[PDB]
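Coordinates as given in run-v4.cif (mmCIF, C-alpha atoms):
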data_structure
loop_
_atom_site.group_PDB
_atom_site.id
_atom_site.type_symbol
_atom_site.label_atom_id
_atom_site.label_comp_id
_atom_site.auth_asym_id
_atom_site.auth_seq_id
_atom_site.Cartn_x
_atom_site.Cartn_y
_atom_site.Cartn_z
ATOM 1 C CA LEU A 6 16.700 -27.205 20.906
ATOM 2 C CA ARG A 7 14.166 -24.387 20.735
ATOM 3 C CA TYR A 8 13.863 -21.123 22.598
ATOM 4 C CA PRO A 9 11.529 -20.422 24.296
ATOM 5 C CA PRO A 10 11.697 -23.970 25.721
ATOM 6 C CA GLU A 11 8.865 -26.372 26.387
ATOM 7 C CA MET A 12 9.185 -27.964 29.836
ATOM 8 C CA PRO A 13 6.173 -30.257 30.264
ATOM 9 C CA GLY A 14 5.467 -31.152 33.871
ATOM 10 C CA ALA A 15 7.883 -28.635 35.353
ATOM 11 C CA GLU A 16 6.707 -26.068 37.862
ATOM 12 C CA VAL A 17 7.619 -22.593 36.614
ATOM 13 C CA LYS A 18 8.873 -20.022 39.124
ATOM 14 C CA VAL A 19 10.224 -16.556 38.355
ATOM 15 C CA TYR A 20 13.507 -16.344 40.225
ATOM 16 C CA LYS A 21 14.599 -12.881 39.075
ATOM 17 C CA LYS A 22 13.032 -9.765 37.588
ATOM 18 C CA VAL A 23 15.584 -7.596 35.811
ATOM 19 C CA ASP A 24 15.069 -5.089 32.980
ATOM 20 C CA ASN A 25 11.397 -6.105 32.588
ATOM 21 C CA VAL A 26 12.546 -9.698 31.935
ATOM 22 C CA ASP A 27 11.039 -12.448 34.128
ATOM 23 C CA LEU A 28 13.737 -15.116 34.356
ATOM 24 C CA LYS A 29 12.256 -18.522 35.059
ATOM 25 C CA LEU A 30 13.336 -21.696 36.809
ATOM 26 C CA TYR A 31 11.769 -24.939 35.601
ATOM 27 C CA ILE A 32 11.425 -27.206 38.621
ATOM 28 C CA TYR A 33 11.126 -30.999 38.559
ATOM 29 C CA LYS A 34 10.058 -32.398 41.882
ATOM 30 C CA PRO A 35 10.595 -36.011 42.955
ATOM 31 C CA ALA A 36 7.917 -38.535 43.743
ATOM 32 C CA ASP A 37 6.610 -38.185 47.321
ATOM 33 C CA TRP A 38 7.949 -34.622 47.585
ATOM 34 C CA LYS A 39 6.779 -32.486 50.499
ATOM 35 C CA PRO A 40 7.714 -28.920 51.522
ATOM 36 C CA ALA A 41 9.202 -30.150 54.831
ATOM 37 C CA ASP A 42 11.683 -32.390 52.978
ATOM 38 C CA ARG A 43 15.373 -31.487 53.036
ATOM 39 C CA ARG A 44 16.444 -32.854 49.660
ATOM 40 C CA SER A 45 19.472 -32.037 47.616
ATOM 41 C CA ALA A 46 18.849 -29.735 44.671
ATOM 42 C CA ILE A 47 20.549 -29.289 41.322
ATOM 43 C CA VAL A 48 20.361 -26.173 39.119
ATOM 44 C CA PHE A 49 21.396 -26.623 35.460
ATOM 45 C CA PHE A 50 22.633 -23.717 33.310
ATOM 46 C CA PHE A 51 22.446 -24.277 29.566
ATOM 47 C CA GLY A 52 25.345 -23.698 27.188
ATOM 48 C CA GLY A 53 25.446 -21.338 24.231
ATOM 49 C CA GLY A 54 28.475 -19.109 24.503
ATOM 50 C CA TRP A 55 26.654 -16.615 26.763
ATOM 51 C CA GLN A 56 24.810 -15.699 23.522
ATOM 52 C CA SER A 57 22.132 -18.337 22.928
ATOM 53 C CA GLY A 58 20.986 -21.751 24.144
ATOM 54 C CA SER A 59 17.967 -23.144 25.921
ATOM 55 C CA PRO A 60 16.864 -24.531 29.325
ATOM 56 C CA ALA A 61 15.531 -27.527 27.384
ATOM 57 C CA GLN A 62 19.154 -28.657 26.984
ATOM 58 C CA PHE A 63 19.285 -30.194 30.496
ATOM 59 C CA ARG A 64 15.635 -31.260 30.596
ATOM 60 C CA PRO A 65 16.633 -34.970 30.322
ATOM 61 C CA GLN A 66 19.097 -34.621 33.204
ATOM 62 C CA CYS A 67 16.473 -32.828 35.310
ATOM 63 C CA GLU A 68 14.095 -35.739 34.896
ATOM 64 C CA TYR A 69 16.831 -38.219 35.790
ATOM 65 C CA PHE A 70 17.835 -36.494 39.016
ATOM 66 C CA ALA A 71 14.239 -35.806 40.069
ATOM 67 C CA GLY A 72 13.656 -39.522 39.593
ATOM 68 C CA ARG A 73 16.547 -40.088 42.026
ATOM 69 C CA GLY A 74 14.958 -37.900 44.713
ATOM 70 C CA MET A 75 16.496 -34.468 44.003
ATOM 71 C CA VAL A 76 14.671 -31.226 43.330
ATOM 72 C CA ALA A 77 16.090 -30.647 39.842
ATOM 73 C CA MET A 78 15.752 -27.437 37.907
ATOM 74 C CA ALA A 79 16.788 -25.722 34.664
ATOM 75 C CA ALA A 80 17.387 -21.982 34.919
ATOM 76 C CA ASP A 81 16.832 -19.459 32.183
ATOM 77 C CA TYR A 82 19.308 -16.580 32.185
ATOM 78 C CA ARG A 83 19.987 -13.563 29.994
ATOM 79 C CA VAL A 84 22.110 -14.059 26.886
ATOM 80 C CA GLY A 85 23.659 -11.700 24.393
ATOM 81 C CA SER A 86 21.544 -12.564 21.352
ATOM 82 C CA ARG A 87 18.347 -11.828 23.286
ATOM 83 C CA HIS A 88 19.321 -9.207 25.878
ATOM 84 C CA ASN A 89 21.883 -6.430 26.047
ATOM 85 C CA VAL A 90 24.106 -8.365 28.453
ATOM 86 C CA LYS A 91 27.726 -9.415 28.869
ATOM 87 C CA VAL A 92 29.257 -12.473 30.571
ATOM 88 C CA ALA A 93 29.261 -10.688 33.955
ATOM 89 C CA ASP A 94 25.488 -10.240 33.720
ATOM 90 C CA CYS A 95 25.052 -13.961 33.059
ATOM 91 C CA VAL A 96 27.088 -14.623 36.211
ATOM 92 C CA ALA A 97 24.790 -12.314 38.180
ATOM 93 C CA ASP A 98 21.784 -14.289 36.920
ATOM 94 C CA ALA A 99 23.377 -17.640 37.789
ATOM 95 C CA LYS A 100 24.132 -16.377 41.297
ATOM 96 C CA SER A 101 20.589 -15.043 41.588
ATOM 97 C CA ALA A 102 19.266 -18.544 40.813
ATOM 98 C CA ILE A 103 21.352 -20.250 43.508
ATOM 99 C CA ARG A 104 20.487 -17.543 46.029
ATOM 100 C CA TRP A 105 16.778 -17.866 45.148
ATOM 101 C CA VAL A 106 16.830 -21.635 45.669
ATOM 102 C CA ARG A 107 18.564 -21.210 49.039
ATOM 103 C CA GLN A 108 16.218 -18.398 50.024
ATOM 104 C CA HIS A 109 13.183 -20.542 49.140
ATOM 105 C CA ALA A 110 14.653 -23.787 50.426
ATOM 106 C CA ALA A 111 11.881 -24.330 52.961
ATOM 107 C CA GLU A 112 9.125 -24.026 50.372
ATOM 108 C CA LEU A 113 11.133 -26.163 47.892
ATOM 109 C CA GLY A 114 11.752 -29.076 50.286
ATOM 110 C CA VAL A 115 15.506 -28.503 49.895
ATOM 111 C CA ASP A 116 18.504 -28.611 52.260
ATOM 112 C CA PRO A 117 20.133 -25.162 51.818
ATOM 113 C CA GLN A 118 23.552 -26.855 52.168
ATOM 114 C CA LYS A 119 22.943 -29.418 49.399
ATOM 115 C CA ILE A 120 22.477 -27.131 46.364
ATOM 116 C CA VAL A 121 24.408 -28.357 43.308
ATOM 117 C CA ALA A 122 25.240 -26.026 40.409
ATOM 118 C CA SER A 123 25.677 -27.665 37.005
ATOM 119 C CA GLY A 124 25.970 -26.709 33.351
ATOM 120 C CA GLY A 125 27.575 -27.214 29.956
ATOM 121 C CA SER A 126 30.214 -25.067 28.257
ATOM 122 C CA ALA A 127 29.167 -21.375 29.059
ATOM 123 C CA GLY A 128 26.670 -22.803 31.539
ATOM 124 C CA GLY A 129 29.426 -24.869 33.114
ATOM 125 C CA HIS A 130 31.386 -21.633 33.398
ATOM 126 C CA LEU A 131 28.411 -20.074 35.170
ATOM 127 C CA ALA A 132 28.095 -23.057 37.528
ATOM 128 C CA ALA A 133 31.806 -22.729 38.376
ATOM 129 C CA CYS A 134 31.285 -19.033 38.977
ATOM 130 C CA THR A 135 28.591 -19.822 41.557
ATOM 131 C CA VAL A 136 31.064 -21.938 43.540
ATOM 132 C CA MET A 137 34.263 -19.884 43.306
ATOM 133 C CA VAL A 138 34.149 -16.495 41.493
ATOM 134 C CA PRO A 139 33.594 -13.672 44.009
ATOM 135 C CA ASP A 140 31.124 -10.831 43.648
ATOM 136 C CA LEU A 141 29.205 -10.086 40.403
ATOM 137 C CA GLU A 142 26.000 -10.340 42.475
ATOM 138 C CA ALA A 143 22.763 -8.571 41.666
ATOM 139 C CA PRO A 144 23.168 -5.236 43.477
ATOM 140 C CA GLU A 145 19.700 -5.217 45.064
ATOM 141 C CA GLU A 146 19.654 -8.810 46.349
ATOM 142 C CA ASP A 147 20.257 -9.916 49.972
ATOM 143 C CA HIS A 148 23.962 -10.709 49.974
ATOM 144 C CA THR A 149 23.658 -12.226 53.467
ATOM 145 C CA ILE A 150 21.951 -15.127 51.685
ATOM 146 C CA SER A 151 24.886 -16.924 50.090
ATOM 147 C CA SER A 152 24.756 -17.476 46.323
ATOM 148 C CA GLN A 153 27.542 -20.074 46.512
ATOM 149 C CA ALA A 154 26.524 -23.620 45.521
ATOM 150 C CA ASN A 155 27.585 -26.531 47.753
ATOM 151 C CA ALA A 156 28.914 -28.649 44.853
ATOM 152 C CA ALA A 157 29.308 -28.473 41.099
ATOM 153 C CA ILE A 158 28.926 -30.875 38.171
ATOM 154 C CA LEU A 159 30.488 -29.388 35.030
ATOM 155 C CA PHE A 160 30.052 -30.542 31.414
ATOM 156 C CA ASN A 161 33.026 -29.340 29.284
ATOM 157 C CA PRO A 162 33.028 -25.947 31.044
ATOM 158 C CA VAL A 163 34.966 -22.843 30.122
ATOM 159 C CA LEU A 164 37.224 -22.172 33.121
ATOM 160 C CA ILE A 165 39.986 -19.853 31.848
ATOM 161 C CA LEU A 166 38.912 -16.498 30.379
ATOM 162 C CA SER A 167 42.187 -14.591 30.898
ATOM 163 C CA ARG A 168 45.742 -15.468 29.870
ATOM 164 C CA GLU A 169 47.600 -13.450 32.531
ATOM 165 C CA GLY A 170 50.215 -15.216 34.648
ATOM 166 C CA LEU A 171 48.986 -18.253 32.818
ATOM 167 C CA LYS A 172 50.953 -21.217 31.622
ATOM 168 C CA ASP A 173 52.191 -21.458 28.051
ATOM 169 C CA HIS A 174 50.249 -20.812 24.868
ATOM 170 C CA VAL A 175 46.457 -20.743 24.665
ATOM 171 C CA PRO A 176 45.294 -20.926 21.028
ATOM 172 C CA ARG A 177 42.958 -18.522 19.234
ATOM 173 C CA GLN A 178 39.355 -19.762 19.364
ATOM 174 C CA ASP A 179 36.847 -17.886 17.213
ATOM 175 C CA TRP A 180 34.446 -17.687 20.172
ATOM 176 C CA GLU A 181 37.000 -15.410 21.882
ATOM 177 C CA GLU A 182 36.088 -12.970 19.096
ATOM 178 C CA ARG A 183 37.386 -10.177 21.301
ATOM 179 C CA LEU A 184 34.476 -11.347 23.455
ATOM 180 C CA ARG A 185 36.628 -9.395 25.886
ATOM 181 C CA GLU A 186 34.331 -6.659 24.548
ATOM 182 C CA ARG A 187 31.377 -8.769 25.778
ATOM 183 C CA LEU A 188 32.823 -9.896 29.144
ATOM 184 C CA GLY A 189 31.607 -6.882 31.125
ATOM 185 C CA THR A 190 34.619 -6.958 33.500
ATOM 186 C CA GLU A 191 38.361 -7.248 33.421
ATOM 187 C CA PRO A 192 38.793 -10.851 32.180
ATOM 188 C CA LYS A 193 40.188 -12.276 35.438
ATOM 189 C CA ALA A 194 37.040 -11.247 37.291
ATOM 190 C CA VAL A 195 34.987 -13.775 35.291
ATOM 191 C CA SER A 196 37.679 -16.468 35.070
ATOM 192 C CA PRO A 197 37.243 -19.385 37.518
ATOM 193 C CA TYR A 198 40.879 -20.483 37.102
ATOM 194 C CA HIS A 199 42.012 -17.147 38.562
ATOM 195 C CA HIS A 200 39.989 -17.682 41.761
ATOM 196 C CA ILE A 201 41.322 -21.090 42.781
ATOM 197 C CA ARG A 202 41.818 -21.134 46.580
ATOM 198 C CA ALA A 203 41.490 -23.498 49.515
ATOM 199 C CA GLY A 204 38.136 -24.392 51.003
ATOM 200 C CA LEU A 205 36.036 -24.636 47.806
ATOM 201 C CA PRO A 206 33.018 -26.935 47.308
ATOM 202 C CA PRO A 207 33.669 -30.329 45.689
ATOM 203 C CA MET A 208 33.100 -30.751 41.980
ATOM 204 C CA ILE A 209 33.345 -33.234 39.143
ATOM 205 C CA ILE A 210 34.113 -32.292 35.518
ATOM 206 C CA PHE A 211 33.481 -34.218 32.284
ATOM 207 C CA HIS A 212 35.539 -33.112 29.286
ATOM 208 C CA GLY A 213 36.476 -34.552 25.885
ATOM 209 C CA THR A 214 40.169 -34.755 25.058
ATOM 210 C CA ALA A 215 39.482 -33.783 21.425
ATOM 211 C CA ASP A 216 37.460 -30.687 22.376
ATOM 212 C CA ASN A 217 38.392 -28.047 19.778
ATOM 213 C CA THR A 218 36.262 -25.293 21.350
ATOM 214 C CA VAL A 219 37.491 -25.536 24.958
ATOM 215 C CA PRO A 220 40.963 -27.119 25.008
ATOM 216 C CA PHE A 221 41.143 -30.028 27.426
ATOM 217 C CA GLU A 222 44.481 -28.736 28.716
ATOM 218 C CA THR A 223 42.876 -25.652 30.279
ATOM 219 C CA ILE A 224 40.641 -27.962 32.323
ATOM 220 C CA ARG A 225 43.500 -30.310 33.278
ATOM 221 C CA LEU A 226 45.502 -27.306 34.464
ATOM 222 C CA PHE A 227 42.500 -26.027 36.452
ATOM 223 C CA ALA A 228 41.968 -29.393 38.119
ATOM 224 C CA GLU A 229 45.648 -29.739 39.026
ATOM 225 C CA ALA A 230 45.712 -26.347 40.749
ATOM 226 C CA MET A 231 42.451 -27.081 42.559
ATOM 227 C CA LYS A 232 43.866 -30.351 43.914
ATOM 228 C CA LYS A 233 46.973 -28.509 45.080
ATOM 229 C CA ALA A 234 44.726 -26.161 47.056
ATOM 230 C CA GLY A 235 43.174 -29.209 48.765
ATOM 231 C CA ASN A 236 39.912 -29.207 46.838
ATOM 232 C CA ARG A 237 38.041 -32.257 45.583
ATOM 233 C CA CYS A 238 38.059 -31.627 41.835
ATOM 234 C CA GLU A 239 37.663 -34.783 39.745
ATOM 235 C CA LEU A 240 38.334 -34.422 36.017
ATOM 236 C CA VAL A 241 36.989 -37.313 33.947
ATOM 237 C CA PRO A 242 38.485 -37.325 30.440
ATOM 238 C CA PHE A 243 36.319 -38.721 27.648
ATOM 239 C CA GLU A 244 39.011 -40.026 25.329
ATOM 240 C CA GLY A 245 38.693 -38.708 21.786
ATOM 241 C CA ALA A 246 35.382 -36.970 22.472
ATOM 242 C CA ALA A 247 34.451 -33.580 21.022
ATOM 243 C CA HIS A 248 32.759 -30.521 22.488
ATOM 244 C CA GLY A 249 29.200 -31.359 23.487
ATOM 245 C CA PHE A 250 29.744 -35.152 23.580
ATOM 246 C CA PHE A 251 27.682 -35.416 26.792
ATOM 247 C CA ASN A 252 24.382 -34.084 25.458
ATOM 248 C CA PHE A 253 21.298 -36.247 25.173
ATOM 249 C CA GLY A 254 21.083 -37.508 21.600
ATOM 250 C CA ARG A 255 24.836 -37.369 20.848
ATOM 251 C CA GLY A 256 26.546 -40.637 20.031
ATOM 252 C CA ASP A 257 24.139 -43.365 21.088
ATOM 253 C CA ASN A 258 23.506 -41.571 24.378
ATOM 254 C CA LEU A 259 26.477 -43.579 25.644
ATOM 255 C CA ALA A 260 28.406 -40.561 26.954
ATOM 256 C CA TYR A 261 25.081 -39.107 28.100
ATOM 257 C CA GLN A 262 24.397 -42.213 30.206
ATOM 258 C CA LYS A 263 27.983 -42.426 31.432
ATOM 259 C CA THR A 264 28.109 -38.820 32.659
ATOM 260 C CA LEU A 265 24.829 -39.368 34.519
ATOM 261 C CA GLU A 266 26.163 -42.529 36.163
ATOM 262 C CA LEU A 267 29.412 -40.803 37.176
ATOM 263 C CA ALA A 268 27.586 -37.662 38.344
ATOM 264 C CA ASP A 269 25.194 -39.835 40.329
ATOM 265 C CA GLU A 270 28.144 -41.632 41.918
ATOM 266 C CA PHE A 271 29.705 -38.270 42.755
ATOM 267 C CA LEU A 272 26.551 -37.073 44.514
ATOM 268 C CA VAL A 273 26.298 -40.320 46.516
ATOM 269 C CA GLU A 274 29.986 -39.963 47.448
ATOM 270 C CA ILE A 275 29.571 -36.449 48.886
ATOM 271 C CA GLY A 276 26.389 -37.375 50.775
ATOM 272 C CA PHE A 277 23.804 -35.527 48.645
ATOM 273 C CA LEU A 278 22.112 -38.669 47.299
ATOM 274 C CA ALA A 279 21.326 -42.146 48.602
ATOM 275 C CA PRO A 280 22.563 -45.175 46.627
ATOM 276 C CA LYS A 281 20.251 -46.767 44.076
#

This entry written out as structure tokens:
Amino acid sequence: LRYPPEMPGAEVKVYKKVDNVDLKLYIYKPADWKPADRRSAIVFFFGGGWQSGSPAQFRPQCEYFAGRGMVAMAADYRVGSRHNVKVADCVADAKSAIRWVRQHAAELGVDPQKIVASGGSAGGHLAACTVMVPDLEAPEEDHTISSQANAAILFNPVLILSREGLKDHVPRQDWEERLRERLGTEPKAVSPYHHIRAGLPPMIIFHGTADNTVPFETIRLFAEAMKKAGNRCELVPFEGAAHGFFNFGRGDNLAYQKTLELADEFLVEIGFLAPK
């Protein structure tokens, strides 16, 4: 991956201006798209530890879901190696992207109730924040336009960022390098696990059982508590797989293809996509 990304064929829209930075969305429209359509939309947030990464990461998945009739887009957002930001600022940007899509739904040919948030690792954390973590919104935006996505598709997300009240040991990962200094809030306020509650949008999660960066057990524990609150939260283990297994180009694109087929199935299940 490179940054800045190259996104051939995508329509570029600035979704947020903050600190003289123009944050872009890269939009892939389906065949036969028209503004009066009411399609489902999916917004991908790249991974990179809230420090690096590129919107090109989910370019293959954008093209797949646009081919299936969705308005698919990859959002840029601020990251620590490029901008003086902390995790909470990344959350603000992710929420700004969902709110912008909803706000512009009529010009995008999108149903404002069928907006899917998706991402990998830190970007999966951001997607989860847009469905369940309160607040952390851009202070000057219209908060009467909801920034909450209507579903989520998460690729080995980070979902626990605090260890308080939390169950048993959680090992020391070098990416928690006292990143508490680069969270920008008290850790619970950016930790999806600590905002589990009834009435949340449905999601599906793909995670490798041999993930040594984000322990699978944190995700299993998250999914169990979400189910207990009545939420549809499907965790699909990829047996023996490592962090990042799902990316285009990893393996023989087998996990890549499988996650797309399962994500597709999930979107047909919840009514956001017609069968093939």

message: Counting all atoms listed in the file, which residue out of A:151, A:42, A:81, A:224 sits closest to residue 22 (chain A)?
response: A:81

field: For residue 6 (chain A): contacts at 8 Å, only C-alpha atoms, fewer than 6 positions along chain excluded, given as an MDAnalysis selection string
entry: chainID A and resid 58:59 61:62

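When you apply the PyMOL selection byres ((chain A and resi 78) around 7) to this structure, what comes back is residues 30, 31, 32, 33, 47, 48, 49, 67, 76, 77, 79 and 80 of chain A.
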
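For the pair CA of residue 181 (chain A) and CA of residue 198 (chain A), the separation is 16.5 Å.
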
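Interatomic distance, CA of residue 125 (chain A) to CA of residue 11 (chain A): 19.1 Å.
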
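Distances here use only C-alpha atoms; by that measure, the residue among A:29, A:231, A:97, A:210 closest to residue 145 (chain A) is A:97.
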
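With only C-alpha atoms as the atoms that count, the minimum distance from residue 112 (chain A) to the choices A:175, A:273, A:158, A:41 is reached by A:41.
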
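Using all atoms listed in the file for every distance, the candidate list A:209, A:203, A:36, A:230 yields A:209 as the residue closest to residue 269 (chain A).
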
- request: One decimal, Å: what's the distance from CA of residue 96 (chain A) over to CA of residue 131 (chain A), could you say?
  value: 5.7 Å

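Closest approach to residue 129 (chain A) among A:192, A:95, A:152, A:17 is made by A:95 (distances from all atoms listed in the file).
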
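Of the residues under consideration (A:205, A:150, A:194, A:159), A:159 shows the shortest atom-to-atom contact distance to residue 265 (chain A) when counting only C-alpha atoms.
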
- request: Name the residues in contact with residue 164 (chain A) at a cut-off of 8 Å, using all atoms listed in the file, excluding same-chain residues fewer than 5 positions from it; report them as number ranges by chain.
  value: A: 130, 133, 196-198, 223-224, 227
